[PDB]
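Novice: compute the structure for the input listed below.
(chains A and B, ligands or ions: 6)
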Amino acid sequence: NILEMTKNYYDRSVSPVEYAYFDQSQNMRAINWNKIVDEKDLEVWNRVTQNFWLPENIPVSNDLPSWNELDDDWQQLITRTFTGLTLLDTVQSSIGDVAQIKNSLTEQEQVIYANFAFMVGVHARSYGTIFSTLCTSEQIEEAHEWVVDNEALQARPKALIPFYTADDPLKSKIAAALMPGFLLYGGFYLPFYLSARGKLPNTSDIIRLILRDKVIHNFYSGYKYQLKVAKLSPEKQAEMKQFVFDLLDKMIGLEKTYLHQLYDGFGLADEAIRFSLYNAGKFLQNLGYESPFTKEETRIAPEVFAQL
Amino acid sequence: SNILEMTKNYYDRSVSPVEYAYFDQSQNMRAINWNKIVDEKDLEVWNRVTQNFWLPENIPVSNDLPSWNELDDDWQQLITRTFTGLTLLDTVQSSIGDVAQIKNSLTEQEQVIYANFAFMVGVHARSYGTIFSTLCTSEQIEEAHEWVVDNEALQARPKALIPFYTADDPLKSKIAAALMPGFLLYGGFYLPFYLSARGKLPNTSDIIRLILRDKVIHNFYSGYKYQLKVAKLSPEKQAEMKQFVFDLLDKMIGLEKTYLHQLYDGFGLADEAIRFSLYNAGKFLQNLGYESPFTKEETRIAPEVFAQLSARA
Ligand SMILES: [Cl-]
Ligand SMILES: [Cl-]
Ligand SMILES: [Cl-]
Ligand SMILES: [Cl-]
Ligand SMILES: [Cu+]
Ligand SMILES: [Cu+]
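Specialist: Numbering: from 1, shown residues only, chains lettered A, B, ... in the order given. Ligands and ions are numbered 1, 2, ... in the order given. Please see the structure below:
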């Protein structure tokens, strides 16, 4: 016989966030960082916290010479693109990441998504630091007006936010992965294109610090998606895969319209979209699915890939 | 004719994403503007809390092993229990409290500052794990978690605050958000400072001071935003909210006194810890813009303990 003198505290208690939103049948347990359910959580926690950075760390002032070499058209494109990325980071920091907390599989995940919310806030702030150093007050104001009135740009966050505010945690998680995994890469093409040609090298250092976080954010949300979806019936799993491909198809549609409008005048649209679709493929892979994208429609110039 | 607006500025015909998400989908969304800051206080607080970034790995807790090993099983148990209880409160604030504030922000930057608070209060909870990892046995750690779950006096306190976080009233939510860093953990913080005043667990007290360096600003900030918001109510509804703040604090003091008596009576620390608690209840009210109704005698702290609190870094 196995004598169980007492019942384990963990299995007869709930985390505070579960108690707040889902289940008040039992008392609350403090987070246990000494008895960790999933080692992956500790791995991710250690990496993202050790990778802490602020845009003040980077000497953007040194980009002044190369910035001054860029025509007014190019300076406007960069300010607009980056203000567009600032909107996506604002959406993700203030809504996306914090929405994931209550849907966590583990205690540590609740704290990791709090880190994500803060750090995606830092990404948004970093564009502010670049503009502060390089842009005129007029260029900054123009870009904000341009973002507010750009329907093609607005359609992308408008399509994802409903999944965050709705009560389907798997659809929320897919949206949460889609932001760092796909939606910003069309924008990140521009600084990598420029740095490959020797322009704005210090700005591209900030972009790489953002990417170092965003690749982990994509991996982590995709990993948690795969854990949860694996527990559903074959039929439910087939419905969720269909939803993922349907949502990505819509988002690719909306991104292609926005990038054409953004880049067609500069001759960068086709290149940016292939860069976008390459990352759409990696997004699908991080969700445990296969990329249906061709070699031809995902081709990236070596020097751009090198900046990546 | 003379005053007609032909160009409406972007800001006043757009909403932040969180406003769009939960309140109003009629207007397009504006990206955060860090180049035209509405409240300079937000930038000062942002710069301070980000510059004050720390991880518990930074403190050599293993240097506490000698002083820890001098404390008997009863004292080691009390410390593990007390800190697991503070871990619960930090978990509540990080996972519910701080993130609930984001959508009720007055400014764009405030939305990002509360994201920082959520994360750093997560770091506070994690730091107790680091202390336990170094000092405590598996048995002590698990014992403390069981004790927290089954301690009704402990549980009553967070159970009283969470409803304000999940409810609709953003002013009542903000009061709870100030009350957690301002008041509810200080009863527990007395213990490490009592010990380090006597040269016991000095490295643990450095972690407590790094936590407090954050908590003090969190209390100040939530208090500052509370004052800006209540100033926009009729004098009648101002008097009504003030009464609520005093009624809530009165209730929370009652629950805290019960918990601290149960926690400390056996160790003869209950009276001193409650005085320490009421001293910080005073600071909480002052940070909401009210006067402390507590006496010098009610809030007396031994100088050597106050030296540990007010010490820097
Ligand atoms: Cl992101
Ligand atoms: Cl994210
Ligand atoms: Cl707090
Ligand atoms: Cl807080
Ligand atoms: Cu992210
Ligand atoms: Cu706090």
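Novice: pull the number of nearby residues for residue A:47.
Specialist: By other Cβ atoms under 10 Å in any protein chain shown, 13 other residues sit near residue A:47. (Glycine included, C-beta is placed from N, CA and C.)
Novice: pretty sure it is touching residue A:216, no?
Specialist: Yes - the pair residue A:47 and residue A:216 qualifies as a contact (Cβ atoms under 8 Å) at a distance of 6.2 Å.
Novice: chain neighbours aside, what residue packs nearest to residue A:214?
Specialist: The spatially closest residue to residue A:214, leaving aside those adjacent along the chain, is residue A:180, at 3.9 Å (Cβ to Cβ, 6 or more residues apart in numbering or on different chains).
Novice: that should have said residue A:282, apologies.
Specialist: Nearest one to residue A:282, counting by Cβ to Cβ, 6+ apart, is residue A:181 at 7.0 Å.
Novice: next: residue A:268.
Specialist: The nearest residue in space to residue A:268 (Cβ to Cβ, 6+ apart) is residue A:193, at 6.5 Å.
Novice: what about the one you found, how many residues nearby?
Specialist: When neighbours are counted by other Cβ under 10 Å, residue A:193 comes out with 21.
Novice: quick check: it vs residue B:185, distance?
Specialist: 50 Å (Cβ to Cβ, to the nearest Å).
Novice: repeat that for residue A:251.
Specialist: 43 Å.
Novice: how about residue A:225?
Specialist: 35 Å.
Novice: what's the spacing between the host helix or strand of residue A:215 and its chain's center?
Specialist: In the assignment (DSSP states H and E), residue A:215 maps to helix A:201-229. The chain centroid and the centroid of helix A:201-229 are separated by 6 Å under Cα atoms, centre = their mean, to the nearest Å.
Novice: so what secondary structure elements neighbour the helix or strand following it?
Specialist: For helix A:201-229, the following helix or strand on the C-terminal side (DSSP H and E) is helix A:234-263. In terms of contacts (3 or more Cβ pairs under 8 Å, 6 or more residues apart in numbering or on different chains; DSSP states H and E), helix A:234-263 is packed against helix A:72-91, helix A:151-165, helix A:169-178, helix A:185-196, helix A:269-286.
Novice: look at the residue nearest to residue A:214 and say how many residues are nearby.
Specialist: Residue A:180: 32 neighbours (other Cβ under 10 Å).
Novice: next one: the one 3 residues further on
Specialist: Other residues within reach of residue A:183 by the criterion other Cβ under 10 Å amount to 26.
Novice: now do residue A:204
Specialist: So residue A:204, with other Cβ under 10 Å, has 21 neighbours.
Novice: likewise residue A:280?
Specialist: 26.
Novice: so the closest residue to it other than its chain neighbours: helix, strand or coil?
Specialist: Once flanking residues are discounted, residue A:280 sits nearest to residue A:182: 5.2 Å by Cβ to Cβ, 6+ apart. Per DSSP: H, G, I helix; E, B strand; the rest coil, the secondary structure class of residue A:182 is helix.
Novice: so who does the spatially closest residue to residue A:212 that is not a sequence neighbour touch?
Specialist: In space, and not counting its chain neighbours, residue A:212 is closest to residue A:51: 5.7 Å by Cβ to Cβ, 6+ apart. Counting by Cβ atoms under 8 Å, 6 or more residues apart in numbering or on different chains, residue A:51 makes contact with A:212-213, A:216.
Novice: before we move on, what about residue A:115?
Specialist: A:45, A:48-49, B:119, B:122.
Novice: same for ligand 6: which of the residues you listed are within range?
Specialist: Among the contacts of residue A:115, no residue sits close to ligand 6 (Cβ under 5 Å from the ion).
Novice: just to revisit the earlier point, close to ligand 2, is the helix holding residue A:215?
Specialist: Yes - Helix A:201-229 is in contact with ligand 2 by Cβ under 5 Å from the ion, via residue A:217.
Novice: and stretch A:269-283, by the same measure?
Specialist: No - legend: contact between stretch A:269-283 and ligand 2 by Cβ under 5 Å from the ion is lacking; minimum distance shown is 12.4 Å.
Novice: please name the nearest non-neighbouring residue to the residue in the stretch 151-300 of chain A positioned nearest to ligand 6.
Specialist: Going by Cβ to the ion, ligand 6 is nearest to residue A:213 of the stretch 151-300 of chain A, at 23.2 Å. In space, and not counting its chain neighbours, residue A:213 is closest to residue A:119: 5.2 Å by Cβ to Cβ, 6+ apart.
Novice: mind listing what's buried along the host helix or strand of that neighbour?
Specialist: Per DSSP H and E: residue A:119 is located in helix A:107-134. With burial defined by 16 or more other Cβ atoms under 10 Å in any protein chain shown, the residues of helix A:107-134 counted as buried are A:107-131, A:133-134.
Novice: give me the angle between the next helix or strand after it and helix A:151-165.
Specialist: Next along the chain after helix A:107-134, taking DSSP H and E as the criterion, comes helix A:137-149. Orientation of helix A:137-149 against helix A:151-165 (axes from the mean of the first three to the mean of the last three Cα atoms, to 10 degrees) gives an angle of 60 degrees.
Novice: could you list every helix and strand in contact with helix A:137-149?
Specialist: helix A:72-91, helix A:107-134.
Novice: helix or strand next in line after the first one, which one?
Specialist: Going down the chain from helix A:72-91, the next helix or strand is helix A:97-101, by DSSP H and E.
Novice: hmm, that following helix touching ligand 1?
Specialist: No - Helix A:97-101 lies apart from ligand 1 when judged by Cβ under 5 Å from the ion; the minimum separation is 7.7 Å.
Novice: ok, and what's touching the one helix or strand residue A:304 maps to?
Specialist: Assigned by DSSP H and E, residue A:304 falls within helix A:302-307. With Cβ under 8 Å, 6+ apart as the test, helix A:302-307 has contacts from A:189, A:191-193, A:195-196, A:204, A:208, A:271, A:275.
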